[PDB]
């Protein structure tokens, strides 16, 4: 079933806009009909084939083409969904919230404008992948690391703008951003920070520049199209020691989170702390069929086999030490002593692991910024599928951690899915992350998934736990949880949207923000 037209746009307006788009980028860089397939969400949730359907895609080569495209979108009221590389799998891929939206795919704007070793930064266009930035650095022998999600075909820009995370000390991608160029919804171009100063050499050295700090308003946003972005890069460290701490009991997560709190608040653990459930970690190297025959989620007897077999606990804390050995030894003493008295705890460094293909060896690559695509193998746990996550924010306490594990594993298993969870800590923020793998081809699984997801959001919100990043299908739902003072915050986002984008042509419904023409 073909995408419907966006409401308020005629066949003739759409036909005219797509031909005008083709005059700007070339007929070969406007995609309709059979060539739209890759812009669909690969992990379908809806059973309604009229939802989240991109009408076409346009793939520009430059900021100047983006500006022209934006002006044509305003001329015809044809809305655009900007993507850097459009690999936002688990969140909708390249697909828009509103059917009939045209994808603006900036994949071909893939110039690495600068990599600066002595100041540790890069200035990149949206099409630059983590693979590409990593290869450039390696090729040029620069003593810099990148910070990669578990998945390396993504965008250094796109991932950061969606408040993406990785597994080095530079793991908060948007916090490491510094300077951007934006095409505003009127088609005019602006630079933030020191980029506003002609002849500056400081665009990537100082975030604020002068006056209001606005870079943030173009993250998780439909206020602009980002065409260049700076990012800080970690200088190669004097040493690197990745580790795995395993815990034998499901209830250990309570005391583990209590012990993690001071180590994370003080910065003794130098990267994000990630504590993964047994099945989430097993799914890298194993399938359910190799330990259990049921079509249901696993029983506890299986869990015990997997633990001894894979040298994993019910909870698996991956982290890493960075810097000269005397620093790494001192921090390690602090971290190890924090967990040594827990019955059944085990400590591993890479040389301590007895398997060739191993969770610590796999996570050790990500914790030093090596981009890969091996993480997608976890989707084969239950025969093959898509994934979606729920990652709300809570205080770093044992009580909050065990409450979420209990609430979520209960609900997920009620709907026929194995519980795959982790407790993640950035700095002062805990996230219980629910990872759900589903057969996206099965209408009944899709219906169960949607119904489950809505229960997780509601029960989390009732405890004061709010989502920070979500799939196109739930962007309205998450926005409505942020309801303080009768939705005061979204009223302010709406005022800013109407000011910058009076015709509502950028990404209708992104982050639950809709302009005056569609509200």
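Residue numbers count along the first chain shown, from 1.
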Q: State which stretch shows the higher mean Cα B factor in the entry: 381-389 or 100-108.
A: 381-389
Q: Would you determine, from the values in the PDB entry, which of 165-173 and 445-453 has the greater average C-alpha temperature factor?
A: 445-453
Q: Tell me which of 193, 126, 212, 299 tops the list for C-alpha B factor in the record.
A: 299
Q: Between 226, 94, 327, 433, let me know which has the highest C-alpha B-factor in the entry?
A: 327
(Q) Could you place residue 502 in the lowest, middle or highest third of its chain by Cα temperature factor, using the values in the record? (A) highest
Q) With respect to C-alpha B-factor, does residue 218 fall in the lowest, middle or highest third of the chain as deposited? A) lowest
Q.
Lowest, middle or highest third: which one holds residue 307 when the chain's residues are ordered by CA B-factor from the entry?
A. highest
Q. In terms of the chain's CA B-factor thirds, is residue 459 lowest, middle or highest?
A. middle
Q.
Splitting the chain's C-alpha B-factors into thirds, which one does residue 23 fall into?
A. highest
